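Single chain ahead, by itself, as structure tokens, in the form deposited without the DNA.
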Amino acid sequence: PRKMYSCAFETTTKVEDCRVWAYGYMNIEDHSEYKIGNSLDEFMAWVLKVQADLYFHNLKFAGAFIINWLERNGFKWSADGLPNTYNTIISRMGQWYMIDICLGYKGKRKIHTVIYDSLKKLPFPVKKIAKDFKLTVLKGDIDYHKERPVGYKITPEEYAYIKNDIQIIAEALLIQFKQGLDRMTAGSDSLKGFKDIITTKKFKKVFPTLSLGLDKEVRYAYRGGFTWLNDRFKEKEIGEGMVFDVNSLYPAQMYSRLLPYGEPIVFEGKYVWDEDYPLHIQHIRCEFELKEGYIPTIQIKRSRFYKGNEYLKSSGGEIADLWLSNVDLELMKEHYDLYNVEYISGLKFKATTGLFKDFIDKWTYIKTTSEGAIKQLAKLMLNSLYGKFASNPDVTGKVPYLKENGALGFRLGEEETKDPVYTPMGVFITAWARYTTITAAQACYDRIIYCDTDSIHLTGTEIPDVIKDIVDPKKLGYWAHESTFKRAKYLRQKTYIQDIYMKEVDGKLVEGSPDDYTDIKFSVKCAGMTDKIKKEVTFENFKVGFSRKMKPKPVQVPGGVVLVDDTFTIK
């Protein structure tokens, strides 16, 4: 059986002297088996013999120093795994998934040691994982800026830290491996747990593979969450308001919305109602104009000039070519006026509402009757299933090379195709989720400020009558009143600040209200901004242009990678 280890490195900050100054590995199935050294060569020697699976939390970082060594020691990339060859899996976007170091073959069996990224299985920081999973974690951290000459001697303190960091990840991964959750990513673990429940046989019949051409057309109807900032509040400091968040958005749509499955049926012109093929995607061409008092919902695919992440008020003179789910089209007709419409073609699908009920009940039950690690993993199982259905078949990522400086460099590999799971399911799940948010926001049009996938922000502190009946703190798919603020300022999508009313309960601060609060918690949300940077933001300086050179970024130098403080600007 191949073994499994939790690994970690401790690198130097010098842009010139970049090298591993400490390492450590621990057997996931036997934590008594562990070693902490201070030589990459010593480590790599081990890596070559173990013939096992290794896991680093944030392979992107450690996976660098590993490539540098493999290259300066008889290895080079090779998709078909050859002796002293090493293949990889990296995406055009720069996400590391696996490094498969091959040494040779014995019979027809492949002698190798694969290196995986634990961050892909547990999408959180070690600190956070420890906290939420309730695993012993030492406070403080190894002095990062301290001269460490080659062959440096690791102190007992650093040793303890290094052991703790890898023991946490080991304890976490073991809980998943103990349940068959032995996949590379969270999504895949979720898909696996899903197949276990309905059986692979049924899965195959229900979710047929589609022809790349058909899948390309369905993909045209896919969209993400609904993130929109009302212009009426753009860059203005406002008063009291409140925030509502849906209780498990996606899992909720999966639990009770009419979703597609099976083989699609192509049709010409405008879809005709068919009880056995309830859902459909329509290829339509038209012009549109936003109806008075309605939120925009139509977004034209990025780069097909009109604009990227913005919702159109009108086609502005030019014809729109769209592929919409029946949910999206229904919503569009309620909010817009359509003109010069031409129904081209489309696809029909059979649909049911009972496809994920058992999967959700199971894991939710577990989530309800568990705590610590078990609880968090059940949440992960439930929260990672929807994404898997929507996967860009074009798995064409970067291919490793050695830059003339002795630094790691990459270049585009070529088109590789990973046949689809079932895209139609991704289209409708996201569509239903958008419908949930948009209709709720539209119902509160006079008070609506901002929307972001599963939450709506409104002015005022009283729960709107139109949504009173679907507001609850825990029920699935219902809206929960998350917080109330005394003042806020929204600059753009996913970019805002608030002063949240907080009250003390059982010795800890929790969201309060105007009639019951003891403190005001300043909160900053901005894509890209780091913890440290947020501490310098205030109501009188939070605006477009804000800048600080406090956002470190991976700058690959000879040996591995180093973090150099770059500039961060609110644009």
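Just so we're on the same page, rigid core means the largest C-alpha set that superposes within 1.5 Å between forms. All residue numbers are counted from 1 along the displayed sequence.
Missing here is the form deposited with the DNA bound; even so, the following discussion is about that form.
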Query raised in the report: Among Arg223, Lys350, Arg257, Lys367, which has any heavy atom within 4.5 Å of the DNA in the deposited bound form?
Result: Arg223
**Report entry** Listed residue that, although the DNA is not shown, lies within 4.5 Å of it in the deposited bound form (heavy atoms), from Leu40, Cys526, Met502, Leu48
**Finding:** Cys526
**Report entry** the DNA contact at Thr185 in the deposited bound form, heavy atom, 4.5 Å
**Finding:** yes
Query raised in the report: If you check in the deposited bound form, is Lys534 within 4.5 Å of the DNA, heavy atoms only?
Result: yes
Query raised in the report: Quick one: does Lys3 come within 4.5 Å of the DNA in the deposited bound form, counting heavy atoms only?
Result: no
Query raised in the report: Heavy atoms within 4.5 Å of the DNA in the deposited bound form: does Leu380 have any?
Result: yes
**Report entry** Among 170-178, 316-324, 488-496, 197-205, the region lying within 4.5 Å of the DNA in the deposited bound form by heavy atom distance
**Finding:** 488-496
Query - Residues within 4.5 Å of the DNA in the deposited bound form, restricted to 556-570 and counted by heavy atom - result: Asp566, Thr567, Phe568, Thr569, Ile570
Query raised in the report: Looking at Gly224, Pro125, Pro473, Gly460, which has a Cα shift of 2 angstroms or more between the shown form and the other one when the rigid core is held fixed?
Result: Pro125
Query raised in the report: Would you say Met26 moves its Cα by 2 Å or more between the shown form and the other one, aligning on the core?
Result: yes
**Report entry** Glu275 C-alpha moves between the shown form and the other one by 2 Å or more, core aligned
**Finding:** no
Query - CA of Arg487, rigid core aligned, shift of 2 Å or more between the shown form and the other one - result: no
Requested in this report: Classify the change in Cα distance between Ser523 and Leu377 in the deposited bound form as closer or farther, relative to the shown form (magnitude of 3 Å or more).
Outcome: closer
Requested in this report: Regarding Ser325 and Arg304, go with closer or farther for their CA spacing in the deposited bound form versus this form, the difference being 3 Å or more.
Outcome: farther
